[PDB]
């Protein structure tokens, strides 16, 4: 499809007092989708982050359209929004998989990431790694 998919059933312990989901959990789901992409599409990046490659998070946000609860089936879909020189922006479509087959959008979020180089103290900008740029081809 146009997106990278992360299937996730809403945990019983991922809800609040009034049955709704803690807004932080949505963002945890973003990281779980972003990291899963790097494990299956660009493992080359993963090893570089353990070295001197640092994927700085510039901005992350999320808007909530509908309230979800426990045991609701979700399809967190990631799409490449912007592709720049040393930066890139993702987009996360939180969709609820209804039993009938409906696909409603319960939330949407995006994440701005910059690529840097060198030690944590003295850093420098760097191009988006080739493997990562190629893996983001059908997901724009």
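Residue numbers count along the first chain shown, from 1.
For the pair 126-134 and 13-21, the mean Cα B-factor is higher in 126-134.
Stretches 29-37 and 99-107 differ in mean C-alpha B factor, with the higher average recorded for 99-107. Annotation for 49, 74, 62, 88: 49 ranks highest, by Cα B-factor. Considering 69, 44, 81, 57 together, the PDB entry gives 44 the largest C-alpha B factor.
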